[PDB]
Every structure is written in C-alpha cells, then in structure tokens.
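Peer 1: Residue numbers (the numbering used here), protein chains in the order written: chain U, 2 to 1215; chain V, 148 to 254; chain H, 6 to 59.
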Amino acid sequence: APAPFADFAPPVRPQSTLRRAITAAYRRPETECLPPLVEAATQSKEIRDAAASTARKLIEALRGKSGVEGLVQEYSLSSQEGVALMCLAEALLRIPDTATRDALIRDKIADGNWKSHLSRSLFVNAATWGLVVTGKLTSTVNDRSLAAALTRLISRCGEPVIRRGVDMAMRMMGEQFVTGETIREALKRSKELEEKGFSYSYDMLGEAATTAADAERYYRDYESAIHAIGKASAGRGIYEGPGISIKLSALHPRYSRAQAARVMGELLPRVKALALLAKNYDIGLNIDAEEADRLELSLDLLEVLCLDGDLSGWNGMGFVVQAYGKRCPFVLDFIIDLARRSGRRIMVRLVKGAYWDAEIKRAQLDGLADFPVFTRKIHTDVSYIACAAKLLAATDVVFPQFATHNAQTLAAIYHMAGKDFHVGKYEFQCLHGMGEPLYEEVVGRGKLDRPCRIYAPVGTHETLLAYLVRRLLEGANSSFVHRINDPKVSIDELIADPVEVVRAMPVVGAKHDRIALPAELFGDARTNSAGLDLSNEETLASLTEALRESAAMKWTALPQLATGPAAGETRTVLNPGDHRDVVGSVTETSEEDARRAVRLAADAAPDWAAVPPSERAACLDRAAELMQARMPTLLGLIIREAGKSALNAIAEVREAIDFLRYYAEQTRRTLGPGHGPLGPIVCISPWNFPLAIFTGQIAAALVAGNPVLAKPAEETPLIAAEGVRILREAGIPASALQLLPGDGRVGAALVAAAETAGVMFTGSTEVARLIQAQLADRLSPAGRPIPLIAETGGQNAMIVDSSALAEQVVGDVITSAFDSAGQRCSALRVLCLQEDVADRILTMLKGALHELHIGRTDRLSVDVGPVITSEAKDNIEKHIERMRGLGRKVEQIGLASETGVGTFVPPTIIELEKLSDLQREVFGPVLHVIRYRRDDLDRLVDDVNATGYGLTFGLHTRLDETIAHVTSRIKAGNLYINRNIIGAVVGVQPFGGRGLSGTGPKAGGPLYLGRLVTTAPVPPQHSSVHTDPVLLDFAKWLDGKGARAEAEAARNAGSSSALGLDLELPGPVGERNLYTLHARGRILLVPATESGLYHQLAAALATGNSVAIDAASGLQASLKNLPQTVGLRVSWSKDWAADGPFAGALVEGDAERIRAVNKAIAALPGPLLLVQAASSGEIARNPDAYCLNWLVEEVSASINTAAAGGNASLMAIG
Amino acid sequence: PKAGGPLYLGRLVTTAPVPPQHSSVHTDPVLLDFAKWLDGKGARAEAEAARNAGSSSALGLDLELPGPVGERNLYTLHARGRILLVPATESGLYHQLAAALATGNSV
Amino acid sequence: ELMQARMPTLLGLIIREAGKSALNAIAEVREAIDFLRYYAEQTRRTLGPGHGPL
Ligand SMILES: Cc1cc2nc3c(=O)[nH]c(=O)nc-3n(C[C@H](O)[C@H](O)[C@H](O)COP(=O)(O)OP(=O)(O)OC[C@H]3O[C@@H](n4cnc5c(N)ncnc54)[C@H](O)[C@@H]3O)c2cc1C
Ligand SMILES: NC(=O)c1ccc[n+]([C@@H]2O[C@H](COP(=O)([O-])OP(=O)(O)OC[C@H]3O[C@@H](n4cnc5c(N)ncnc54)[C@H](O)[C@@H]3O)[C@@H](O)[C@H]2O)c1
Ligand SMILES: OCc1ccc2[nH]ccc2c1
Ligand SMILES: [Mg+2]
C-alpha cells in the first residue's frame, strides 16, 4: 500500500541552481524584471544613434517598396465581399482537378446559385480571411452576412471576380502562407533566396497532437522532412544549409509537466531519433517554444539530448527562447551553461513570443499570482535586446539566431554585435512571406552583409489555416508589421528606442494599466480566489510536503451541535481510489440529535439575525482567507476523500473561496433590516463537490441571517467538517452553524423538523423529489410554503457542427465528459456530432480517451480518479452493460491492476442511435455520442430539450447563424460556446439549471440570497427597461373590463419585472460571460378569486410566461374576450399532470387550501416547481405577494472569444 | 420599400439584388417549426425551400447607419404583419407560408 | 454635381414657386443631391446583368 503523496510529482531531475533561478522568475512582478533588462540592453549613445540611423534606412526602404487590396479595389468589394470571395476561392481550391474547378466556376458558380453546388459552410475559415482582408479578428463568423455578400458580388461581377479570387487565394495559400505544399516543393522554391545568402528552417506544421496516431503522423512528417532537407543540404552544414523546426507538442499527445514521466519515457526517444537523423545529414534541428507551462519541461529534454553521447559531434540542436517571458534571461543562462558542459554549440533562436494573449487568459483563468509574460509590448522589446546582449557575449558556446521582423530590434542588435562578423557567429531569422522585404535590405554584401534564416511553413491548405490566426496576429496594433503599414505611424515613432523609453517611465516595468492581475478580475467588488501553478517546481515541491502532511492528520467529522460535539455511530472514511487508505473517521448524527439541532437553531435564530449583515459578511470573508491559506491542506483531504485530482481539488477550494466572497459582497450590496431571515435552513449537499457546494449553500444561508443545519453527503463528511471548522474559526457562532454528518435519514429528519424554515438541496433529482414531497405537507408559521432551492441532475449535451475545430472539440469533450470521472453535475453526457465530421471527431476522441491516466489521485499524473463508491460503480457499469447488450458500440480505457483496491469505472464512450436511448442521468465517466444531419439541427435541439433536464449545454461552431439558432432554442441554465461545459465561476457563470435540473435561483448568482430572506431585496443590476407586450395587452384588457386596480397592478408588474435583463459579467479576457433573465415557461395558476387570478396572470405575463389556470377554480367567466395575444398564453387545465411540465406555480388561498394545492403540485410528474402562495388578503395588501424574482429564469452563457486562435480585444493592448 | 433606403432600387428591377448589409443571423422560430413539419410529412423540396427562406430572410436586421455625431440613426427589419396568401396548389401554399413565416409574419 | 453648383439658383425658384423658406429650399436641394448620390452608390454596390429593368 503506497504512502499517500509519496510520488505526487517528483521532478525529472534535481533542480540545479540555474534551474531554480529560472523557476524563481516564473511570475516575478514586472517592476522587478525590467530594471536588470534595461541595464543589460543599454548601449552607448554612438550606437543608439547608429542603430536609429540604420533602422530609419531599413524602414524607408520598406515603405519605399496589396494583392487582396488590389482585388478589393478593382471590383469595389466591401470588406464582407472580400472575405466571402476568399472563402469561396478556398472552397473552389478544394476541387483538385483544375479543369473541373474552372467548369464549375464558368457554368455553375458564376451564374449565381453558388449555394446549390458548394455539409460544410463555405465560411468556416472566414475569421482567418477576415484578418487577411480587414486586419481585424472576429471569434465567430457572420455567415449570413457573408452569404449575402457572396451572392451580391457574384451577381454584380460574375466569373471575372471569382477567377481573380481563386488565383489570389491559390497564390496566398500555396506560396505566401507556406513556402510549399510539400517539403519537396518548399525545397525547390528555396533555391532562389539561398543563392542570395538566405538559409531556411522548415516547419512541417505539426502541433498539439491529440492522439497517439497524430503524434506518430507528425513524427513521420518530421522524419521524412529531415531526409528531404538533409538530401538537399548536401553537406552545407548547419549554418549555410537548411534545417528543420519541430514542436514537442506535435510529438506526444500528453506533453505536459503533469505527464513528465511519459514525456521523458516516450517523447524524448522520438526527439532523439529525429536528432540522430539530423546529425547524420548535419542539419539544424530546432525545438520551437510553445506555451509558458512547457518551457521548463522542454529544458529537461534539451538537457538529456545535449548530454547524450550518441548525438555528439553535431552542433545542429537548436532551442527557442521567448523574450516576452520573464524567465528568458535565466533560461539563457541555463542554456549557455548547458552548452559549456555538453560542448555543444546550441543554436538559440531568440523570439519575442507567439502566445501572448493565451498566456494572459490562462493566468487569469487559473488565478495565478502574475503572468509568465510581460504585459507591455515595450517590455518584451527591452527583454529581447537584453537577452541579445547576453547571447552576443557567448557566441563561442552558442549560436544566436535573432528572429524578428522589427527593424528597430534588428538595427539595435546589428550594431550591438559590431563589425567583426563571420558566417556561424550569429544570424537573423524571419518568417517566409513576411520578413523577406526587410531582410532583403540586410542579407548580402551590398546591404548589411548578415545572414537570415527563413522559417518556412510547409503544408496543405487544411494544415495552414489551422493556426494562421495566431500567426497573423504576430498584425496586432502593437506589431511592427502592422505599424510599418500604418500611414499615421512616423518613422521616428518606429525607430524609438524601447530601452530609453522604458528607462524614462515613472515606474519602470509597471504592468499594463488595462490588464488585470488574476486576483483583480473583479476589481473593487471582491478578491478573486487564487489557484496554484502545477507547472512550477517550487509549488510542486511545497505542495508535495503539504499534501503528505495532510495525509498524516487525524481528520474527523462529528455532529457539531450548538451545545458541543454529540456522540454517535462512528466509522472510517476510506479513499475511494484505494480502500486501504483510511482518510478519517465520521461520527454520524442520530435522528434525535438532528431534531435537537433544529430546535437549537430555532432558539439561536434571533441572535444570529441580529448580527448586522456587514459583520456576517465579514465572517464569510475571513473564512475565505482561511480557506485560501489552508488550500494545500484542503487539497490533500479532497484528493483522498472524494477521488479528486489536484486540479479538481484546486477548482473545488477556489470555488468555495469565491462563494464566500461573492455572497459576502452580495450581502454588502443588498441586505437591510427589512430583509428578515427565514429561520433555520437545512443545507443538504452532494458528495461530488464536497467543499464548494457545501460551503456555498451554508455561506449564503448564514450571511442572509439564518442559522444553518449543515448535512453533508455521507460519502464526504471530513472536508465538510473542516469547512464548518473554518467558518466557526472565522466567527460563525456554533449556534448558527451546526454540522450533522450522516446519510439521507439525517437529511430527511432535518427537512421534516418542525422549525425548519427553508431547505437548500443540491443532489439528485430523485432525492429532491422526496424532499419536495416531505415539504408539501408543511407550511411556515405564516401559513406559506417552506422555500426549497433544489439544484439537481443534468443530461448535458454538446452540439458540434462541421465548422468546429476537431482538436478543440476533443479537448473540451474529454475535459467535460471525464474530468472528475464524469462526477460533475455539469459533465457532458451526450455529444452530438454533425454527420459529416462525426467519424473524424469520434476517431480523435477515442484516441484522446486512451491517453488518460486513471488511478488513485495522489499522483499529479492521474487525470481521472475513482467513482465515489462501489454502489456508484455498480450503477454505472450496469448502464454500460445494458448499452453494450443493446448492440451499441462501447469504447473503454483499459484500467491498471492497481485500480482493483478502489472503485473505478474506465472512461467510456457509447455510440447511441437516438437520444431516447438515455433515460436518467448516469453520474459517471460515460459519454454518449449521437450523430445528426445538419438539416435536423432544430429537431436535435428539441430532442435535447425533450429529456426534461436543463443544466449545462455546449455548442461548438464558428457560425453566428448556428449560435443564434441553437442558443435561442435550447432550454438550459448554463450555455457554453466553443469551450468546455463545466464552468461554474462564481459571479461569472452563475450556475444552475431548469426543468429536472433545478428550481433556481442560481448559486453564485445575484438572485440567490434573496430566496433566503422573507422579503427579497433588489439585487445589484437587477432591472429591465423592457415590458412584456402580452402583459401590456392584458393590462388594457383589465381596464376595458373595469378591473381598474388590477390593470394598475398589471402595469406595475410589467415595470417591476426584470425579464429582458441582459448583462455582461466581468471575467477573464478572451471570454464573454453573459447573464440574462428569460421567462420560465408555463406557470401553473391556482387562483381562488377573480382579483387573485388577475394578479397571478399579471405576475406571470409580466415575466414572459404562459399560464395554465386551474379549471377547478370556476373562474373561466373572469377571462372572457381576451385579446388573442393574451389568449395564446392562457390555457385552462382540469388535469394538471396532463398539461405540464410547468416551470413554477402561483397559488391563492387560505393556509389549508395552500397546503392541499402544494401537495397536488408536488405530485405532478417531472420537475420540481417553485411555488409561491398568498392569501387573497395578502394579494390585496402586498403588491409583491408573488415575487417576480422567481417567475423569471436565469441563463448564463459563456463564450470563448479566443476560440478562433486569438483575442481581438487584446490586439489593441500593447 | 423606403425611399433613401437600401431596398428601394430592388423594387425597380425584375430580380431584386441583395442590398448592402442586408442579412440577419436570426431565424424565425415558427419558420423552423414549419420546416420540421414539412420534413415529417415528406415534403422534402418544400422543407428545403423553407429552411432556405429562413436563412435568406433579413428579418431581425438591426443596423446603425453612418451619420452626424450626436445622433444614433438605426435601421431595422421587422415582420410586415399579416400577409394575405392566395395559393392555388398545396406546394404553392407551402412555399408562400415558408416565405411569410421566414419573415416573421402571420398569414 | 450640377445641382450642388446651381443650388443658389434652384433655391430662388423653389422659394418662389413652392412657398419655401431659404432653409427649407436648401434642404430640398440637398435631399435631391443625396438621392442622386445614394442611388448611384447603391447601384454600384448591387446591380449586375441579372437585375433587368422593369
Ligand atoms: C523565424 C521565427 C521563428 C519563430 N519561432 C517562434 C517560436 O518557436 N515560439 C514562439 O513563441 N514564437 C516564435 N516566433 C514568433 C515571435 O515570437 C513573434 O511572435 C513574432 O515574430 C513577432 O515579433 P517581431 O519582433 O517580429 O515583432 P514585434 O511587432 O516587434 O513584436 C511583437 C511581439 O511583441 C510581443 N507583445 C505584443 N504585445 C505585447 C504586450 N502587450 N506585452 C508584452 N509583449 C507583447 C509579442 O511577443 C508579439 O509577438 C518566431 C518568429 C520568427 C520570425
Ligand atoms: N444542479 C447542481 O448544481 C448540482 C451540483 C452538484 C451535484 N448535483 C447533482 O448531485 C448528484 C450527485 O450528488 P449525490 O450523489 O451526493 O446526491 P444524492 O441525491 O445522492 O445525495 C445528495 C444529498 O441528499 C442527501 N439525501 C439522500 N436522501 C435524502 C432524503 N431522503 N432526504 C433528505 N436528504 C437526503 C444525501 O445524504 C446527500 O447529502 C448528481 O445527480 C448531480 O447531478 C447537482
Ligand atoms: O511555437 C512555434 C512558433 C510559433 C509562432 C511562429 N511564428 C513564426 C514561427 C513560429 C513558430
Ligand atoms: Mg446518494
């Protein structure tokens, strides 16, 4: 039985002083990085003047010397027409036979009806063509605008414009974006510039392997290219002759620090084999630099390769360092030292860096201390020049390669390097089809007589467009190449010296004013929770120790009553991934003590209510600080108790911290003396988010002024007990927060207790239904229903069309379906693939599935942990076997023998014939896949809605028409576009569904606290200027009927309603997070009087709903002669169970009528209904007798606006 | 169509062009339900025409037009209202319904 | 272009024939100029051989 965390994340090798200096700089504050860079980049006044003169000369030559622009001009194309034309040209070039393409153009395309002859939107890559035509990036494509534009331009200009577009696109995609379609073509085309003194480095365009098969394909592409390049090099050697550039992410599908052992065992030999071939031909082999979290891992490969005697005698190994990265100079120190130790003259390509916007987004998403890159472009420029000075001092041991298109950067380095030059000392580098105009002013004895190596992409149209967006942005407003073409930018501006500009700033190295540090995403509202960087060796080393220390602790969970811990039945809590690992001990609550706890809560309710809201919120904020400080220990407990990986656990603790701070801030924004607490609230929580949901429900109830009976799931009491201990330490009195560990009997005893004033339940729909039935017999002392928030299961779908990028889909599917072994309520259950792409995506998905590591979660390398119990395992496996027995195709990972000591289900993909193959939620790592024809998309959305669930939903498409269609027709609480579907960032994706998935209001949203007080406050930003038109028609009808007071109440409800609220919530860059209030659906109205009916109808119509009115009320004659608009929304129901599902109910009557109606409502099939009841007198006295907060439905939509490959808004940030 | 607007010239030719900026990403939901109904009854050509009408309709276009500062000049396309349909054949009726529903109208 | 250049003379006629003030006569001529230029531009954006006249 292996000791917990004994092998959590050991480094590849002990970290040397040089390696530790790299890690120390990972997220160093920008103000600390810059001063040494300024010093190192400083040059004499004579050199600065000479450099500016050289830069001006180069820039004057550049400006003194278009294809798409000329086409746009000749045919008077709008921007959309230009984009549409290039998309058409791209599609026409997918026709191989040139004569067949020309015949289609002349006979069919030119005569209109291009739609008839061209499963895949023509405009799939329009975001890329948009960048080409307009210089602006859009994440998604307005395909209807492009279709209109294409029709218009073809009808106006005919075949000649199509011909010109085809020839333009052929030239760009075959000769500009790539040096050649194949390595042989690229080599033939390289002779011209090689004869002028250029060299080449070829890039076979491999990147981000998703499967073993992809990695093998990219391997054989590199190997075949090395042969072709080496044959062509013909002994020219590594400096004069061509080389190759490779990306490590192309060569293994799990290239990450978490998988370091697989990287060293499996990726390293592949690089070695390629390097051995490059050695034999004596060509350069350069390792390109990728994301910041791969930098230090790549150094371990570089170290092994440079120390491997089989590669000795060859100096062609190359390595890129990114000057936008804070570690760059320390990486260079490490590399220079490695070159000295190994005796290999490492080729070092200095670049600025290609992943800037992605690094900003990632650090914000992960809540990390700072960015691993600079945030002002001028800082990167200074870093580059400082790093060039370091490289130029070490030309005896490394070969510097200065990759840049910036004439100022170039000139600074040209003069820094001095007049002594020989081929092999250093070189410049540029990108094919971008840098030649500059470097034709550099290469050759008649220029600066310095060599330049051209980075030459090689590949087909399909491969080229995959990452052209990122490549073009390298096009942003701050980019030299964009600025050189901007007439408003003077040469003096372009030759400005970044070193002297930085040195003269008030605070040297200050962060960009318009980029939030991750902690500051929410500004003054609250402090973002902080995560942990699992790529940082210092963090991993410290976390290893804290995790081991957590496993030595004697964790317990006890019934913590107001009067002290109570005795009870005690049992061990076992690690679900290894039952031999005892995590702690739980003492469970007797049903007698549960009832006693509620009475103690009732007695303590006035004292807790009297704590001012701001002080209650201060307790939550203190608890959040305590949880943040204790995060490493909390991670260890969550990892061992609940089967979570470290990443799962970090998310869990961050979410708890965010709930605490969010509900604290919402309280400070809203709660006053008139928002009285309900009283004792029973908080019943699920095992699968054993700290986050647990803490969220309790914190909300407490801060609203209610004492809480906290009943954690029987599977996960220890982390709940620790959360209670933390809240109590933060100042929540023991009488206000009692912990009652135990199973559903303890929950049921709490729900049934006489003084229970509200229930917050998160768990399965079936259990929520039992609670709903229990509460249907109950009324408050005021004779009103006991509020129930019941957040329940999902049957969550993702729809993927033929415009989505398969690699992006597969990553988001693997994460959404199998993160936490599918034990997220948000997990993807049903993937819906458009038929034309289904086979390709499914193949990639199955390949990615088999790269997952399943096991006990106290290892960083484990992706997928166990299921929580043997009963959960048996239930999941029974479902899989039923599917397999029906003949459905089932793909499963093979599990290691070590899983036998725990309860594991392998990640599973099941191919369904119809969505009806699924019944209820299967809460495990089981992804179902269905295929759909594009024309059946609307029926498919109906089918998704027809399950009755409505929790999370994903859509992967680039096409605005499809986004608009799908998102308007889907009925789910949390929508995600071009990303995973498991996001629940508090206050950013307020989380919670509808139908079988929830009553609402959403946790982590602004309506939540208002449900926990007797009179709901007005939430921040909660209003709408829109008035429902059917409400208005009803108000006029009421006036025409003479119901004057009711017409006024109807108008007031129309104004009070927040239906139509449409907000963007602050969050990370590269995402848009939207929050909207819609109608709930059909509200069941159970009136008693005519006026009550009119008030109920006004409330429901003002919130956009339709209604079914109880026909047994006998009030049909009160609704004669309705306007058709209102009549369309009104039905009369004699059999309520036949006319559902409803989305809520409004009831009028005395206490016993309300109770009887509540029992009938609870008995209706399907979703739990949020019922509001009032007496006739309350309707007369209180305009808010029916609260409109609970008659609208919250919808959160999270859109990944970086999905096209770049961030448009950040293109203006430099 | 409005004088001084982008639909005007198209009324003065026998086949209307696609005006500048004339498109919408919105699809009328009743149109979509009608297309599904046509699908169900095997009216494949009409269902296709209905989906095509749903896409080519510019119902929901909502543009800000260039003009002077200190003013916002908006141009939007709404349903006309109730369209009188005078069909002769079942297929003609389905096509007329598709056209009218795709543009947000009742009939 | 001709209406723009001749606007002062056109104003005189509009003022006397149609009871317009100078400002409203200016608006009248400007609107005619704008129709001409707008329909010209809309034509350049749209009309091709398949859009036959009535
Ligand atoms: C031959 C060659 C090989 C390359 N290999 C790689 C590689 O392996 N890995 C890699 O990551 N990229 C690589 N690049 C790209 C390089 O990193 C740059 O993205 C690109 O060349 C633009 O830099 P520039 O100096 O030519 O132009 P510039 O316009 O001078 O610099 C633009 C760069 O500034 C940086 N930047 C922009 N905005 C900000 C900001 N707000 N804060 C901080 N920094 C900012 C970015 O790095 C951006 O690319 C390569 C480029 C070339 C020409
Ligand atoms: N909508 C959401 O936000 C959300 C979030 C997380 C989990 N969930 C759902 O939670 C479920 C998984 O959690 P789980 O397995 O712990 O759920 P569950 O329904 O098994 O148990 C939930 C809680 O209810 C208690 N309970 C069981 N029977 C009870 C009864 N008769 N009366 C009162 N309480 C009773 C349990 O002890 C536990 O505390 C999944 O269905 C998942 O989709 C929903
Ligand atoms: O990550 C590798 C990479 C990224 C961006 C680039 N641009 C030009 C070459 C190049 C290489
Ligand atoms: Mg259970």
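Even for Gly, the Cβ is constructed at its ideal location relative to N, Cα and C.
List, in chain order, every chain V residue whose beta-carbon is nearer than 8 Å to that of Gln47(H).
Peer 2: Residues of chain V passing the Cβ test: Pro153, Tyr155, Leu156, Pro166, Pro167.
Peer 1: Given that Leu159(V) touches chain C, what residues does it touch there, using C-beta distances under 8 Å?
Peer 2: In summary, chain C is missing from the structure at hand, where the protein chains are U, V and H.
Peer 1: Identify the continuous alpha helix (DSSP H) that holds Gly585(U) and give its terminal residues.
Peer 2: Note, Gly585(U): premise wrong, no alpha helix (DSSP H); beta strand (DSSP E) at 579-588.
Peer 1: Are there three or more Cβ pairs, one per stretch, closer than 8 Å when the region 412-425 of chain U is compared with the region 167-178 of chain U?
Peer 2: No contact exists between the region 412-425 of chain U and the region 167-178 of chain U.
Peer 1: Rounded to the nearest angstrom, what separates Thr1090(U) and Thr634(U) at their Cα positions?
Peer 2: Roughly 59 Å between the two C-alpha positions.
Peer 1: Can you check whether the C-beta of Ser803(U) is within less than 8 Å of a C-beta belonging to chain V?
Peer 2: No, its Cβ sits nowhere closer than 8 Å to a Cβ of chain V.
Peer 1: So, is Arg49(H) buried or exposed, given that buried needs 16 or more other C-beta atoms within 10 angstroms?
Peer 2: That one is exposed.
Peer 1: Just how far apart, CA to CA, sit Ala558(U) and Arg746(U)?
Peer 2: Roughly 17 Å between the two C-alpha positions.
Peer 1: In chain V, which residues lie with their C-beta within 8 Å of the C-beta of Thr51(H)?
Peer 2: What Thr51(H) touches in chain V: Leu156, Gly157, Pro164, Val165, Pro166, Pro167.
Peer 1: Is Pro614(U) buried or exposed, if buried means 16 or more other CB atoms sit within 10 Å of its CB?
Peer 2: Looking at its Cβ environment, which holds 16 or more other Cβ atoms inside 10 Å, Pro614(U) is buried.
Peer 1: Whole-angstrom Cβ separation of residue 1216(U) and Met348(U), contact assumed at under 8 Å?
Peer 2: A question about residue 1216(U) goes unanswered here, because the residues of chain U that appear run from 2 up to 1215.
Peer 1: Run through chain U and tell me which residues come within less than 8 Å of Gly55(H), C-beta to C-beta.
Peer 2: Near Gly55(H) (Cβ distances below 8 Å), the residues of chain U are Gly113, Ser156.
Peer 1: So for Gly251(V), helix, strand or coil by DSSP?
Peer 2: Here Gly251(V) sits in coil by DSSP.
Peer 1: Can a CB atom of chain H be found closer than 8 Å to the CB of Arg153(U)?
Peer 2: Answer yes: the Cβ-Cβ gap between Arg153(U) and chain H drops below 8 Å somewhere.
Peer 1: For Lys189(U), is the classification buried or exposed, using 16 other Cβ atoms within 10 angstroms of its Cβ as the cut-off for buried?
Peer 2: That one is exposed.
Peer 1: With H, G and I counted as helix, E and B as strand and the rest as coil, what does DSSP make of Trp688(U)?
Peer 2: Reduced to three states, the DSSP call for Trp688(U) is coil.
Peer 1: Less than 7 Å between C-beta atoms, sequence neighbours within five positions excluded: which residues of the same chain meet that for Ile379(U)?
Peer 2: Same-chain partners within the cutoff: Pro499, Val502, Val503.
Peer 1: Helix, strand or coil for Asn1201(U), going by three-state DSSP, please let me know.
Peer 2: In the structure shown, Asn1201(U) sits in a strand (DSSP, three-state: E or B).
Peer 1: From the DSSP output, in three-state form, read off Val500(U) for me.
Peer 2: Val500(U) falls in the helix class under three-state DSSP.
Peer 1: Applying the 10 Å Cβ sphere with the 16-neighbour rule, what's the burial state of residue 128(V)?
Peer 2: With chain V running from 148 to 254 in the structure shown, residue 128(V) is simply not present.
Peer 1: Please report how far the alpha carbon of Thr211(U) lies from the alpha carbon of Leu89(U), in whole angstroms.
Peer 2: C-alpha separation (whole angstroms): 30 Å.
Peer 1: Would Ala630(U) and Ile640(U) qualify as a contact pair, given that the criterion is a beta-carbon distance under 8 Å?
Peer 2: No, these two residues do not count as a Cβ contact at 8 Å.
Peer 1: Where does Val179(U) fall in DSSP's three states?
Peer 2: Correct three-state label for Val179(U): coil.
Peer 1: What's the call for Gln74(U), buried or exposed, on a 16-neighbour Cβ count within 10 Å?
Peer 2: Result: exposed.
Peer 1: On the premise that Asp1029(U) lies in contact with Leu919(U), defined as a C-beta separation below 8 Å, what is that separation, rounded to the nearest angstrom?
Peer 2: The pair is not a contact, with the Cβ atoms about 35 Å apart (cut-off 8 Å).
Peer 1: State the Cα-Cα distance for the pair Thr909(U) and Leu185(V), rounded to the nearest angstrom.
Peer 2: Cα to Cα, the separation comes out at about 37 Å.
Peer 1: Per DSSP, what are the beta-bridge partners of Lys712(U) in this structure?
Peer 2: According to DSSP, which records beta bridges pairwise, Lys712(U) is partnered with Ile685(U).
Peer 1: The alpha helix (DSSP H) with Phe905(U) in it runs from where to where?
Peer 2: Counting along the chain, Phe905(U) falls outside any alpha helix (DSSP H), and DSSP gives it neither H nor E.
Peer 1: Counting along the chain, where does the alpha helix (DSSP H) carrying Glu616(U) start and finish?
Peer 2: 614-630 is the span of the alpha helix (DSSP H), which, as asked, contains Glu616(U).
Peer 1: Under 6 Å Cβ to Cβ from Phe331(U), same chain only, skipping five residues before and after it: list those, please.
Peer 2: Cβ neighbours of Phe331(U) beyond the five flanking positions: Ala22, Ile23, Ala26.
Peer 1: To the nearest angstrom, report how far apart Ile881(U) and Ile982(U) are at their CA atoms.
Peer 2: Going from the Cα of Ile881(U) to the Cα of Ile982(U) covers about 23 Å.
Peer 1: Which residue or residues does DSSP assign as beta-bridge partners of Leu740(U)?
Peer 2: DSSP lists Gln561(U), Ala711(U) as partners of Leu740(U).
Peer 1: For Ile337(U), I'd like the list of residues in its chain whose CB is within less than 7 Å of its CB, leaving aside the five on either flank, ordered along the chain.
Peer 2: Within the same chain, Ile337(U) has close Cβ partners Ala395, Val398, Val399.
Peer 1: Could you tell me the alpha carbon to alpha carbon distance between residue 1(U) and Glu297(U), rounded to whole angstroms?
Peer 2: As displayed, chain U neither begins before 2 nor continues past 1215, which places residue 1(U) out of reach and without an answer.
Peer 1: Nearest to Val1127(U) by alpha carbon, out of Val1031(U), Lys46(U), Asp525(U), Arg1073(U)?
Peer 2: When only C-alpha atoms are compared, the closest one is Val1031(U).
Peer 1: Considering Cα atoms alone, identify which of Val814(U), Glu836(U), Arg825(U) is closest to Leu850(U).
Peer 2: Considering only alpha carbons, the answer is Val814(U).
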